[PDB]
Structure formats: structure tokens, C-alpha cells
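Asks: Structure provided below as C-alpha cells; questions to follow.
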Amino acid sequence: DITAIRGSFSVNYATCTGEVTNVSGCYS
Amino acid sequence: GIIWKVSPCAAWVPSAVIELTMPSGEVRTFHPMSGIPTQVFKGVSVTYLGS
Amino acid sequence: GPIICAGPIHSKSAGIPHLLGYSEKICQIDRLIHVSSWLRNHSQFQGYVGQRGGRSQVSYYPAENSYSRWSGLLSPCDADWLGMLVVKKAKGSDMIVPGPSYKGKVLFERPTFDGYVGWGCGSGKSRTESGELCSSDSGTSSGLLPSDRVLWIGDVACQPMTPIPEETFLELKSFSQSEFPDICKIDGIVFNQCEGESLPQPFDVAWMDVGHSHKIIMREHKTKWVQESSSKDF
Amino acid sequence: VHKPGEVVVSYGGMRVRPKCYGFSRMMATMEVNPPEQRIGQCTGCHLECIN
Amino acid sequence: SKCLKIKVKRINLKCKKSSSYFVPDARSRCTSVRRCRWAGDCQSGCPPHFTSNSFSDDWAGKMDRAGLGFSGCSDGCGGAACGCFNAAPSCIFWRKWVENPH
Ligand SMILES: *[C@@H]1O[C@H](CO)[C@@H](O[C@@H]2O[C@H](CO)[C@@H](O[C@H]3O[C@H](CO)[C@@H](O)[C@H](O)[C@@H]3O)[C@H](O)[C@H]2NC(C)=O)[C@H](O)[C@H]1NC(C)=O
């Protein structure tokens, strides 16, 4: 359960499509 | 001469290997002693203990 | 003591002129000649400053100043004659530091977030208290004073630069704000936008000017001392 | 001249040259966060069976 | 006549506060002002005494954001490699800060 504490950051700041291609195999 | 360096920690605490990736794109590697509430200082953020 | 020479003593009405020579004005800076010219330009008084004074007797508010011993280092008020930086007048919004005792003063410096501030009283308007009001008195008619009218706050070492990219300047200001979560407003200049505040606090941290408007402060900096043979430094 | 030399300032991962590196006193101001905290709400309480 | 009632509510196993202390969060911060001889003019032998509170080398004496940090000189660089042209070694003063930002 690694965690980190936050300081004074330097946080920075159109069309888009997903278009899936394939799927692999896992469950459990 | 043959020279040895020593340190008497005299304890054993779990630790992990951690890679950091600053959102600007910068990445920093470090070995934090996450078993203890250690505070590795780098850039702006600091991590600390784990489970 | 004296960088080149001991400043001449002339028994007062004399306007010391410009010298094109580089090694001639340094001992004049030793004489505090430039600060007298500041009076003639803004205070409008022909008071010769620092007879026998030089740089061997001038004292600053700090009890011990290592930089004062090394007179080779250049002072912010002395960088005005040489042309690197300039001191300006004082605004009504600008206020005094109650640190030192303003007894028999006419000109004292105060580096700020924006620039360097010099304050003036009248010749004969003796400064016998820390307040802004100057008081008339006949005891200061004589111009002889061991830097009594010239007290300088701060320990500042000046030197020429090579400027930095605007982006490099931007890194310091953002990181300085991160280093100071509690500091929000400084001298009225915004440092970080916060809520309502209390006004009175003397604030003293190390600072550095990189040729940009916003001053840069530090608490975990590592300085470096290197000297090289430069024709300007001769 | 009797001087230490030029100053080079490195403050956390960069190298910066000073025009006039010095110390001085300024006026600052301090902010304060005043928080009034309290909660209270209605709840539903019932008994189905008691043993 | 009058009376007095005493109501009990719970039974538990506590113990009295014999002492009391607070524990902040320490971060080890350190600076280094790097003089060299004839430029800071420090002595050939490093002064065994150290004023851990004033530090007149950097702005005389004021508040140190560390709680009674230590002091000391360091080993020396000398030559054109470090630039101030003295073959003699150099003295370097160091700080140590314990800090609790948040
Ligand atoms: C107070 O006012 C004085 C005159 O009003 C002023 O003297 C002026 O100083 C400047 C210095 O830049 C001279 O400018 C010329 O000389 C310098 C070198 O000495 C050159 O670098 C310049 O390019 C220019 O050629 C002015 O000539 C000189 N004025 C006169 C009439 O000689 C003082 O400097 C002012 N002092 C303060 C403290 O405000």
C-alpha cells in the first residue's frame, strides 16, 4: 500500500475516436 | 590496501523497487524504504511507508 | 580599507563630475561620491558625504558582516554609478523597516521584491527617529560624518551577469511558491493567491536578482565561489 | 582587488548567475484558515426482535 | 432534605496520562557555501569552535529553520579545476536542516 504526499506542483493544462481493434483472453 | 565499507543497520525491513514518472514527462528512480515512514525527497512529491 | 585611495577632503559647494576612466571612478565609489549625487538629483542638497569615511568605517545594521570586510564586493547603492542597477525613490505605500535606529540619517537603502529603494531627508532635516518625518536641527550643519547619514540595510554582493532564458526564470518563481505554501502576498506583490491576511510582519529571506522583475528567494540553495582574471575586475 | 570572486548560485538542479545576491528585510503578510465544523442529522432507528 | 445521585455508564481499561509529547515529521535538508582560501580567507586550521546559531558567513545571524543544526569545514579543492588558482586546499561550511513542511 505505497503512498505519496503532495507538494506545490507544476501542473500543466478536440476530435478523438476510440476504434478498438482486438481483444485478448483473461479472467481470474 | 583492500578497503571495506560497513553500516550497522542491525535490522531487516521490507523494501521495494520504485519507478517515478512526473506528469511533465520526467521520470525518477529511487529505492524507498517503504517499510518505514521514510520520506525520500525529489522534485515536489514525496512518498512514504507501505504495507 | 581603501580599494585604491583614501577619498579626498575638500573644505562643500562642488559638483563632482563624470569620469570616462574605469579605474578612476572606483576610488570615487570608495569616497561615496555617487550617493552625494543622488541627493543633488532627488533630495536637491549639496552635502558632501563621507569625509575620511571611505569603505573602512561604514557600518551596516547586522552585527557582523563578512561582505563589509571584503570591500572588493560591490554594493547595490554602488552599482548605480557603474550603471548595472539603479536605486529609485520611495512611494507612500512603501514603509520603513523598524530594524535599525535612524539617528542622524539622510539616505538609507532597502532592497525590495521589485527594486532598490533609497529614502531622503533634507540637509538639516535631521533623522533622529525611525519614523518617516524628518526633524529640523542645527547640529548637522557640518558635513563631517562617519557614515552617520549613510546606513545600509542588507548584505548584498553584486556582480555582472549573463542573462537566462525566460523559461529558466519561470522555473524559479513556480518552485519558490511551492517552497513557500504559507507565503501568499509579499510587499503587496502577489506570490500566491490566498485569503484575508494580517499586515504587520518583518520578513527576511535570502534573495537573488537574475535580471527579471520577480525576485527569487531560496532556502536550500548552494552557492559557489569562483574568481577569474577579468579585465573589468582589475 | 580584495574580493572572494564571482558568485554562482545553484538552487536545486540548475545553475544560475546572480546580479546582486544578498539578504534583506521585507514586509510580508500572513493568511489564516478559519474553519467552523459541526454536523447533525436525523436518523431512522427501530427494533425488529429482541433476544 | 436534599440528595445526590451518581450515574455510572461504562467500564473499560485505560491508563492515566503520566507525560505528554509531540512528534513532528523530520526532513533532512542541507546547504553548502563553498569558499576557497584567500577568497574567504579562512584559517589553515579549521576553527574547532562553531557557532551553530549565528553563521556569520551567510548574512550574519538570524533565525535558523533547523533546530540546533551542526556545523563544520570540509576537505579541500585547489587549483585551476576549482578556479580560484590557489594550490592550498579549501574550506567549505555545511548546514543540516530538520524541517516539517506539511
Ligand atoms: C544626477 O544627474 C546628473 C546630471 O543630471 C547625472 O550626471 C550624468 O551621468 C550620466 C552617466 O550615465 C552621463 O551620461 C554620459 O556619461 C556616461 C559615462 O560617464 C556615458 O556612459 C553615457 O552614455 C553618457 O555619455 C551624463 O552626461 C551626466 N550628466 C551631465 C550633465 O554630465 C548623474 O549621474 C545623476 N546621478 C544620480 C545619482 O542620479
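Cβ placement follows ideal geometry from the backbone for every residue including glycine, while neighbour counts extend to all protein chains displayed. Readers should treat all values here as calculations from the given coordinates under stated rules, not as data from a laboratory.
Asks: Tell me, which residue of the stretch C:80-97 that is within 16 Å of C:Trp152 (Cβ to Cβ) and at the interface with another protein chain (Cβ under 10 Å from one of its Cβ atoms) is surrounded by the fewest Cβ atoms within 10 Å (Cβ to Cβ)?
Replies: Among those that are within 16 Å of C:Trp152 (Cβ to Cβ) and at the interface with another protein chain (Cβ under 10 Å from one of its Cβ atoms), it is C:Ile96.
Asks: On the basis of being within 24 Å of E:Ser56 (Cα to Cα), crowded, with 18+ Cβ neighbours inside 10 Å and aliphatic (A, V, I, L, M), does C:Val106 make the cut? Break it down into steps so the answer makes sense when it comes.
Replies: Details: within 24 Å of E:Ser56 (Cα to Cα): no; crowded, with 18+ Cβ neighbours inside 10 Å: yes; aliphatic (A, V, I, L, M): yes.
Taking the combined requirement at face value, the residue does not satisfy it.
Matching residues to (1) within 16 Å of the ligand (Cβ to nearest atom); (2) more than 18 Å from D:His2 (Cβ to Cβ); (3) out of contact with any strand residue (DSSP E or B) (no Cβ under 8 Å at 6 or more places or on another chain); (4) polar (S, T, N, Q):
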{"site": "C:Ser56", "(1), (2), (3), (4)": "no, no, yes, yes"}
{"site": "C:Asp78", "(1), (2), (3), (4)": "yes, no, no, no"}
{"site": "C:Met95", "(1), (2), (3), (4)": "no, yes, no, no"}
{"site": "C:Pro98", "(1), (2), (3), (4)": "no, yes, no, no"}
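Quick grid of which residues meet (1) closer than 20 Å to D:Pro18 by Cβ; (2) touching a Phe, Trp or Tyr at 6+ places or on another chain (Cβ under 7 Å); (3) at the interface with another protein chain (Cβ under 7 Å from one of its Cβ atoms):
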| position | (1), (2), (3) |
| --- | --- |
| C:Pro163 | yes, no, no |
| C:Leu170 | yes, no, no |
| C:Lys173 | yes, no, no |
| C:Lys185 | no, yes, yes |
| C:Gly188 | no, no, no |
| C:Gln193 | no, no, no |
| C:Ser198 | no, no, yes |
| C:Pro202 | no, no, yes |
| C:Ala206 | yes, yes, yes |
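Asks: Another question, if that's okay. For the condition among the hydrophobic types (A, V, I, L, M, F, W, C), exposed (fewer than 11 other Cβ atoms within 10 Å of the Cβ), under 25 Å from C:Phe175 (Cβ atoms) and out of contact with any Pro (no Cβ under 8 Å at 6 or more places or on another chain), what is the one hit in B:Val27, B:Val46, B:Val17? Talk me through it step by step, then tell me what you get.
Replies: Values: B:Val46 fails: exposed (fewer than 11 other Cβ atoms within 10 Å of the Cβ); B:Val17 fails: under 25 Å from C:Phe175 (Cβ atoms).
Being among the hydrophobic types (A, V, I, L, M, F, W, C), exposed (fewer than 11 other Cβ atoms within 10 Å of the Cβ), under 25 Å from C:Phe175 (Cβ atoms) and out of contact with any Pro (no Cβ under 8 Å at 6 or more places or on another chain) holds for just one of B:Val27, B:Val46, B:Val17, which is B:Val27.
Asks: Please go through (1) part of a loop (DSSP other than H, G, I, E, B); (2) over 25 Å from the mean Cα position of the chain (by Cα) for D:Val7 and return the number of the only condition it doesn't satisfy.
Replies: It fails just one condition, (1).
Asks: Further question on the same structure: Keeping to the stretch C:29-52, report how many residues are away from the ligand (no atom under 12 Å from the Cβ) and over 22 Å from C:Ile4 (Cα atoms).
Replies: 3
Asks: Quick check on C:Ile26: is it within 14 Å of chain D (Cβ to nearest Cβ) and either among the hydroxyl-bearing types (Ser, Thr, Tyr) or within 16 Å of the ligand (Cβ to nearest atom) (or both)?
Replies: Details: within 14 Å of chain D (Cβ to nearest Cβ): yes; either among the hydroxyl-bearing types (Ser, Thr, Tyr) or within 16 Å of the ligand (Cβ to nearest atom) (or both): yes.
It is true that C:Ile26 is within 14 Å of chain D (Cβ to nearest Cβ) and either among the hydroxyl-bearing types (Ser, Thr, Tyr) or within 16 Å of the ligand (Cβ to nearest atom) (or both).
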